[PDB]
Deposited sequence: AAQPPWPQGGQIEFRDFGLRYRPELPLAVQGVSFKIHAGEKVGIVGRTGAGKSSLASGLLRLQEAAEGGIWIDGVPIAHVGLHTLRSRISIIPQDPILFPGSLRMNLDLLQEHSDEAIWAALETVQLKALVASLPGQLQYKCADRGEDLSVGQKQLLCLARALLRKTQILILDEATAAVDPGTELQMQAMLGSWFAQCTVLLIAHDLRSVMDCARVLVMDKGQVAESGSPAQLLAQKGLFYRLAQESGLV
């Protein structure tokens, strides 16, 4: 046998644009960038800049209005949605566990042993937390209470490790999780998914500083593209966004 479709996770946007409703104008347009296989890239921009729309387009939540998206040479427009979203791991800001056990949320298809699960939960340092939990792997989470947003992101990471997905879209947390903790997880994303392609939608400019390449969205278009040092060297929107965040 040969390795599955996201062999490397190389993503290419080719004059990409979409719209969320037919009446509405393009949310993004003319978006062209190529993410390398296994690259950790950050996606930055002001609110409304269309950060989400890239992830929204990659998952084909919205179809391409213009241009197209490719993953490892494969036009995702021709890939069935079930194939597209089972091979890309999406970590939302507020992940939602479904009613059921922790184990089901970590491994719905029952493809893994309890041991493998604990091994992944250990990798993201949730083994202690889940062990503390009453049912442990059988812990039921809607039920009465939920885990902190940070932990649900970790769980999503844990499932992503169990799935061995090649592509990882992470929408950076803002609202609930600790900024120091949320940033601590970003750092160890690099070690945990060293060979994965990771798309970080970033609402905190501190998380993109270690990326190999950052894409700067501005009013639905790609205003800047390059390494942080390059973007900072250009003294453009990324550099300005860094200033406003207190980094420069």
Missing C-alpha stretches, by deposited numbering? 1, 144
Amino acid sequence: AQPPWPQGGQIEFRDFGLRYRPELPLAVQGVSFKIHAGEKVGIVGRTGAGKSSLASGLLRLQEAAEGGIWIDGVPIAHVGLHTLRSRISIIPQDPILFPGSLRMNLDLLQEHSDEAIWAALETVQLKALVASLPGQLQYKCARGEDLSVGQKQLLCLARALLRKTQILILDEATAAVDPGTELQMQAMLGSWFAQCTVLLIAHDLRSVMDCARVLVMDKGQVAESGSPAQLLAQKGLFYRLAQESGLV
From here on, numbers count along this sequence of modelled residues.
Decide which of the stretches 129-137 and 88-96 has the higher mean C-alpha B-factor, going by the entry. 129-137
Higher of the two mean Cα B-factors (7-15, 20-28; per PDB record) comes from 20-28
Highest Cα temperature factor in the entry, among the options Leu215, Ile201, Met185, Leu59: which one is it? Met185
Per the deposited B-factor column, the C-alpha that peaks among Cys211, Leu189, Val222, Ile43 belongs to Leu189
Looking at the entry's B-factor column for C-alpha atoms only, identify whether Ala158 ranks in the lowest, middle or highest third of its chain. middle
Which third of the chain does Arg206 land in by C-alpha B-factor: lowest, middle or highest? highest
Lowest, middle or highest third: where is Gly80 by C-alpha B factor in its chain? lowest
For the chain shown, is the CA B-factor of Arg143 in the lowest, middle or highest third of its modelled residues? lowest
For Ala64, return the chain-relative third of its C-alpha B-factor as stated in the PDB record: lowest, middle or highest. middle
